[PDB]
Amino acid sequence: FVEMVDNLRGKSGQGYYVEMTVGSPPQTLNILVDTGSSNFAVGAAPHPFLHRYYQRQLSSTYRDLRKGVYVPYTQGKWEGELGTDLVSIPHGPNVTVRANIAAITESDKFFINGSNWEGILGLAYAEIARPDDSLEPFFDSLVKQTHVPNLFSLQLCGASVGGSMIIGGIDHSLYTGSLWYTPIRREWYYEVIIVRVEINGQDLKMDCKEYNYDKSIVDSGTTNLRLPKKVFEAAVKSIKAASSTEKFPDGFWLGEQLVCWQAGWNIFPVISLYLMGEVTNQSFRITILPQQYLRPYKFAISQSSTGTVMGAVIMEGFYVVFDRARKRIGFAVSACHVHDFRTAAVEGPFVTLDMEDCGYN
Ligand SMILES: CN1C(=O)C[C@@](C)([C@@H]2C[C@H]2c2ccccc2)N=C1N
């Protein structure tokens, strides 16, 4: 898939985007790659902060759906007008698809002043698509209308950042070792189940339901490793305890402040998440380094009321395969992850009982 390798661009903290074309004749747009939502939504009006926007008046293949959608968030918000058009991905499958498009006509604190992307590619499932699950997400259209296989994979490599979105397959050069698969619990978000958490090898000994309360998702659209409050609580003290060589202000661990050192790692613990495996009572762990959770530094582990979010802190350490056809997600050590002595790891198999109990209901 040499043509799809390195098809992702971005800026640090502003997300990863892929180039797409929309309409006839094609209009090029940079589009955020977002495994955490399910709408294909593009700016369609001259917002001052956007480099370009979808102009429906220029497209011969645009079709109005005569329906509006309103989408609020934790901070941001957008509303738009639904329609359909021909969509392509220049550095992807040589293929063209009619997909739903939410033409964004108004927004607040959503788009990023400074970013080079003007749209969102929600790669998650219909169940959380807005207004409702009747609105066929892009990837479902891609699979129905073409012979592109029902999966994609992401390597996020991390001032410019880069990566690859292999659509319809797996490029074996982007990972070392073996891929280990965790089941997608339910097809809405990419929901997974964490069955054990170790800081530096030491179990936090929490009930495994807390790790996934109320959920645990894989989200390319999130920067941090976001954990539920109670888990995050226990995580920080363990990490703090493991890092007693030097001291830090309490507020910083809450992201309410930054920290900085001098040019020219070991005083920080590795972090392992055990995931439900493919077989009963078997699991595997993914391990990250401080080079993943200390972003150039800021502590890149936050607390959450929406559950565990495995954001770029996790994804930049691994090659992640979204095997939709087999309802599972594969993790492998990324060939582009930054390391020291130590190295990001994906290891198994392990025996873990009652893993299904770790899920929340
Ligand atoms: C975490 N998340 C959101 O808050 C909503 C969206 C749709 C939004 C595109 C993500 C985003 C995060 C920060 C700034 C702008 C957009 N995607 C997400 N996965």
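Residues numbered from 1 in each chain as written, not as in the entry; some residues may be left out. Heavy atoms only, no water. Residues with missing side-chain atoms left out of burial classes, pairs and counts.

The name given to the protein chain in the PDB entry is Beta-secretase 1, with Homo sapiens as the source organism. For this structure, the PDB header gives the title as "Crystal Structure of beta secetase in complex with (6S)-2-amino-3,6-dimethyl-6-[(1R,2R)-2-phenylcyclopropyl]-3,4,5,6-tetrahydropyrimidin-4-one". Here the protein chain is described in UniProt, under the heading Sequence similarities, as follows: "Belongs to the peptidase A1 family." (UniProt positions renumbered as here; feature names shortened; annotations may be inferred.)

Draft legend 1. Spotlight on the environment of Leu-8. Of note, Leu-8 is situated in strand β1 (residues 8-11). In sequence terms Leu-8 and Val-18 are 10 residues apart; their C-alpha atoms lie 5.1 Å from each other. Those residues in contact with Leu-8 that lie beyond four places of it in its chain are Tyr-17, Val-18, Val-33, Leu-154, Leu-156, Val-161, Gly-162, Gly-163, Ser-164 and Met-165. (Helix = DSSP H or I, 4+ residues; strand = E, 2+ residues; numbered from the N terminus. Contact = heavy atoms within 4.5 Å.)

Draft legend 2. Representation of the pattern of salt bridges. Overall, the coordinates contain 12 salt bridges when judged by the stated rule. Where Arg-56 meets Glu-81, a salt bridge forms, and the shortest distance between an N and an O atom there is 2.5 Å. Of the two residues, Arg-56 is situated in the loop between β4 (40-43) and β5 (63-72) and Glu-81 in strand β6 (residues 77-88); the sequence distance between them amounts to 25 residues. Accessibility expressed as a relative area gives 18% for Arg-56, which makes it buried. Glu-81 gets classed as partly exposed once you look at its relative accessible area, which sits at 36%. The partner of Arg-185 in a salt bridge is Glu-191, with the nearest N and O atoms 2.9 Å apart. One network of salt bridges, in which partners are shared, links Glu-278, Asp-323, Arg-326 and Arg-328. (Salt bridge = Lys/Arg side-chain N within 4 Å of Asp/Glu carboxyl O. Buried < 20%, exposed > 50% of the residue type's maximum accessible area, 1.4 Å probe, protein only.)

Draft legend 3. Expanded view of the packing of aromatic side chains. Overall, the coordinates contain 26 aromatic pairs when judged by the stated rule. With a centroid separation of 5.6 Å and 10° between ring planes, the pair formed by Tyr-175 and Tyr-319 is classed as stacked. Taken together, the ring pairs in this structure connect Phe-248, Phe-252, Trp-253, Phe-268, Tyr-293 and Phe-299 into an aromatic cluster. The ring of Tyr-274 has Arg-196 sitting right over it, with the charged end atom 5.6 Å from the ring centre. The ring of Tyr-181 carries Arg-328 above its face, with NZ or CZ at 3.5 Å from the centroid. (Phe/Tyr/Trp six-rings, centres within 6.5 Å; stacked < 30°, edge-to-face > 60°. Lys NZ or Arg CZ within 6 Å of the ring centre and 35° of its normal.)

Draft legend 4. Summary view of the pairing of β5. In this sheet, β6 lies alongside β5 in antiparallel orientation, the contact comprising 7 bridges. Bridge pairing in β6 links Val-71 to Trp-78. Between the end of β5 and the start of β6, which pair antiparallel, lie 4 residues. (Pairing = 2+ DSSP bridges.)

Draft legend 5. Up close: the site of the ligand. Every residue near the ligand is listed here: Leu-32, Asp-34, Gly-36, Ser-37, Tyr-73, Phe-110, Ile-120, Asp-219, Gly-221 and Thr-222. The contact in question runs from a nitrogen atom of the ligand to an N or O atom on the side chain of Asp-34, over 2.9 Å. Interatomic distance of 2.8 Å between a side-chain N/O atom of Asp-219 and a nitrogen atom of the ligand. Protein coverage of the free-state accessible area of the ligand, which is 420 Å², stands at 72%. (Near = heavy atom within 4 Å. Polar contact = N/O pair within 3.5 Å; in protein donor to acceptor, adjacent residues only side chain to side chain. Areas by Shrake-Rupley, 256 points an atom, 1.4 Å probe, with all protein chains shown as cover.)

Draft legend 6. Structural context of the sheet that holds strand β12 (residues 194-199). With antiparallel pairing, 5 strands are arranged side by side in an open sheet as β13-β12-β16-β17-β24. Where the open sheet ends on each side, the last strands, each with one partner, are β13 (202-203) and β24 (345-351). Examined bridge by bridge, β12 and strand β16 (residues 271-276) share 5 bridges and lie antiparallel to one another. Within β16, the position partnered with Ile-194 by the bridge is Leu-275.

Draft legend 7. Broad picture of unusual backbone geometry. Here the amide bond leading from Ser-24 into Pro-25 is cis, since omega sits at 0°, within 30 degrees of zero. Here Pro-25 is to be found in the loop between β2 (16-22) and β3 (27-34). The omega torsion of the bond from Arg-130 to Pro-131 falls at 10°, within 30 degrees of zero and hence cis. Mapped onto the elements of the fold, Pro-131 is located in the loop between β8 (119-122) and α1 (138-145). In this structure, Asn-200 takes a positive phi of about 65° despite not being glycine. Looking at the element boundaries, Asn-200 is found in the loop between β12 and β13. Even without being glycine, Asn-281 reaches a positive phi, approximately 65°.

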